[PDB]
Amino acid sequence: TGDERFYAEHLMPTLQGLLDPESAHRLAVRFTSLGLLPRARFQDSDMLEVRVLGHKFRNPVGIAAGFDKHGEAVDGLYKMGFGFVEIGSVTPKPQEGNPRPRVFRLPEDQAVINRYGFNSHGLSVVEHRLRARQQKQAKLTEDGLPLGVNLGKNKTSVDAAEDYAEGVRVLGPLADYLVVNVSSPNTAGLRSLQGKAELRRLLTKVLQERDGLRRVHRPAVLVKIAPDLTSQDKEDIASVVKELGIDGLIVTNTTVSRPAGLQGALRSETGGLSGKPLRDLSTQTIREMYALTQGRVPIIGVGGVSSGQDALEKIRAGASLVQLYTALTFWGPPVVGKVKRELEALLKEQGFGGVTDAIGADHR
Ligand SMILES: Cc1cc2nc3c(=O)[nH]c(=O)nc-3n(C[C@H](O)[C@H](O)[C@H](O)COP(=O)(O)O)c2cc1C
Ligand SMILES: COC(=O)/C(CN)=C1\SCC(=O)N1c1ccc(Br)cc1
Ligand SMILES: O=C(O)c1cc(=O)[nH]c(=O)[nH]1
Numbered sequence: 031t032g033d034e035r036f037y038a039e040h041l042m043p044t045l046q047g048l049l050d051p052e053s054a055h056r057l058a059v060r061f062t063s064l065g066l067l068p069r070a071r072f073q074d075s076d077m078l079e080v081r082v083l084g085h086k087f088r089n090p091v092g093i094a095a096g097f098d099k100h101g102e103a104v105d106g107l108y109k110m111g112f113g114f115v116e117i118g119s120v121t122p123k124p125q126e127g128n129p130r131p132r133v134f135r136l137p138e139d140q141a142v143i144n145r146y147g148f149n150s151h152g153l154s155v156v157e158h159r160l161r162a163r164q165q166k167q168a169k170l171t172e173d174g175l176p177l178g179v180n181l182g183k184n185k186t187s188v189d190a191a192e193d194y195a196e197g198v199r200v201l202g203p204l205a206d207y208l209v210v211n212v213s214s215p216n217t218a219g220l221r222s223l224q225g226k227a228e229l230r231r232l233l234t235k236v237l238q239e240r241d242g243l244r245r246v247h248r249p250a251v252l253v254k255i256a257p258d259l260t261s262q263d264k265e266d267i268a269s270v271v272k273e274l275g276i277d278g279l280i281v282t283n284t285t286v287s288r289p290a291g292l293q294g295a296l297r298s299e300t301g302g303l304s305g306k307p308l309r310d311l312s313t314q315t316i317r318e319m320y321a322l323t324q325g326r327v328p329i330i331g332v333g334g335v336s337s338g339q340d341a342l343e344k345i346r347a348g349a350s351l352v353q354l355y356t357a358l359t360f361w362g363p364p365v366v367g368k369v370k371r372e373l374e375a376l377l378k379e380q381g382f383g384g385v386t387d388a389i390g391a392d393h394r
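Throughout, the UniProt record's numbering is defined as the position within the sequence shown, counted from one, plus 30.
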């Protein structure tokens with residue numbers, strides 16, 4: 031399309047030339063929340079529908095956590111053509127996150143590095159925001175457009191599992207799925223929650239809290255993992271997820287690694303790296319986790335998706351659904367329909383009747 035070129039060649043480079051990335055993000059959140067978006071001309075075909083996590087998803091392409099941290103732009107993101115929206119991470123108490131600057135573009139790499147540190151309006155503020163559109167969301171959910179809520183921990187929390195439990199109690203009843211984010215690289219100690227003994231204790235407490243919610247308000251619970259895990263850590267996660275009946279995995283968060291070859295001047299900033307250089311590390315992590323779980327645990331695949339091919343690679347490796355964030359920085363809103371159109375094309379070329387038939391196809 032005309033819109034795809036204009037955004038990619040003119041609008042987004044202009045925005046980047048005028049605004050630091052934090053400012054640009056805030057402007058984007060505001061524009062999205064007001065629906066000031068190009069026409070999403072693409073119409074989701076039936077071949078893109080997926081049923082997973084107790085829900086229908088109109089298309090498998092979602093917005094990854096971090097773009098709408100505080101649940102301000104949900105409706106605008108469905109307008110953009112996402113099949114599902116995930117907000118957060120949300121922490122129990124409000125907190126400012128790290129000092130500025132804390133996000134960095136690597137345009138030569140089609141990558142970003144961030145160290146926001148869980149800036150968050152907190153559970154109460156987000157609860158009230160979601161409550162104001164709760165039945166609008168119920169209708170969307172029924173129509174195949176579900177909502178996820180991603181939960182974090184405050185910086186000075188003295189009991190991580192209690193922070194997560196509080197999130198389950200407060201936002202659980204407003205979500206179609208919850209995400210226990212134990213993979214931010216930007217909160218000290220947080221990734222150690224991925225260890226076997228810590229995850230089992232943490233997850234058992236999360237699941238108990240969830241199961242105490244009334245049936246119509248009881249979300250699926252997913253765990254979001256890092257791309258930097260050891261083999262032992264992956265095996266341990268898979269074991270715990272099976273043991274406890276965790277509903278799904280989100281694979282992956284940003285990487286603390288710096289793959290060889292990065293060109294951006296800002297490559298050595300501290301934080302998590304996203305976008306193109308994370309792509310195949312994330313696809314590989316999906317593949318491994320799918321195998322370790324016997325294909326029985328739904329996976330949301332994320333990291334470096336900016337085309338239909340990238341989405342199909344993750345689906346074929348084991349993802350039921352995919353998410354993207356960093357591709358918007360570079361391509362803007364038209365990227366969404368681009369992914370979807372390309373994905374539909376490739377599915378037909380590869381002889382799949384729909385997305386569902388492609389899930390895990392590389393393992394067979
Ligand atoms: C600026 C920024 C902020 C993020 N904040 C969060 C977050 O609060 N919670 C979370 O689970 N992931 C967070 N993420 C990670 C993304 O959800 C996603 O896992 C990652 O960026 C890989 O996808 P991408 O390459 O399409 O950006 C963030 C990513 C970026 C770029
Ligand atoms: C001055 O800023 C704009 O014109 C923007 C952007 N943030 C526009 S114009 C139409 C549009 O879609 N956006 C936009 C919205 C979300 C995102 Br993500 C990127 C750009
Ligand atoms: O720093 C953050 O808030 C954030 C960054 C990120 O890359 N991942 C995440 O889970 N949190």
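Think of the CB as a built atom: it goes at the ideal place given N, C-alpha and C, for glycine as much as any other residue.
Does the distance between the C-beta of residue i and the nearest non-hydrogen atom of ligand 3 fall short of 8 Å?
| i | result |
| --- | --- |
| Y146 | yes |
| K254 | yes |
| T284 | yes |
| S304 | yes |
| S287 | no |
| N89 | no |
| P122 | no |
| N211 | yes |
| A95 | yes |
| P215 | yes |
| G182 | yes |
Near residue i, which residues of its chain fall below 8 Å by C-beta distance, leaving aside the five closest residues on each side in sequence?
| i | result |
| --- | --- |
| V155 | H100, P124 |
| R245 | none |
In chain order, what residues of the same chain have a beta carbon less than 7 Å from the beta carbon of residue i, not counting five sequence neighbours either side?
| i | result |
| --- | --- |
| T285 | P257, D258, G302, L303, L308, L311 |
| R231 | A191 |
| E265 | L322 |
| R297 | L136, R288 |
| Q339 | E372, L376 |
Alpha carbon to alpha carbon, how far is residue i from residue j?
| i | j | result |
| --- | --- | --- |
| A218 | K183 | 11 Å |
| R35 | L67 | 15 Å |
| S119 | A250 | 16 Å |
| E192 | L223 | 13 Å |
| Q167 | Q293 | 42 Å |
| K370 | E79 | 11 Å |
| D76 | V332 | 23 Å |
| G152 | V385 | 36 Å |
| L57 | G381 | 41 Å |
| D387 | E239 | 34 Å |
| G390 | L48 | 43 Å |
| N149 | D98 | 11 Å |
Tell me, please, which residues DSSP counts as bridged to residue i.
| i | result |
| --- | --- |
| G381 | Bridge partners of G381: none, in fact. |
| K86 | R81 |
| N216 | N216 pairs with nothing; no bridge assigned. |
| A141 | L136, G305 |
| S154 | According to DSSP, which records beta bridges pairwise, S154 is partnered with nothing at all. |
| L208 | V179, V251 |
| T285 | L303 |
In chain order, what residues of the same chain have a beta carbon less than 6 Å from the beta carbon of residue i, not counting five sequence neighbours either side?
| i | result |
| --- | --- |
| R145 | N128, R132, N216, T300, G301 |
| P51 | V133, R135 |
| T171 | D206 |
| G147 | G127, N128, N216 |
| residue 424 | Here the chain has residues from 31 to 394 only, and residue 424 is not among them. |
So is the beta-carbon of residue i under 8 Å away from any non-hydrogen atom of ligand 2?
| i | result |
| --- | --- |
| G362 | yes |
| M42 | yes |
| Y207 | no |
| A58 | yes |
| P68 | yes |
Verify the contact flag: residue i, CB atom, against every heavy atom of ligand 1, threshold strictly below 8 Å.
| i | result |
| --- | --- |
| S154 | no |
| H100 | no |
| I280 | yes |
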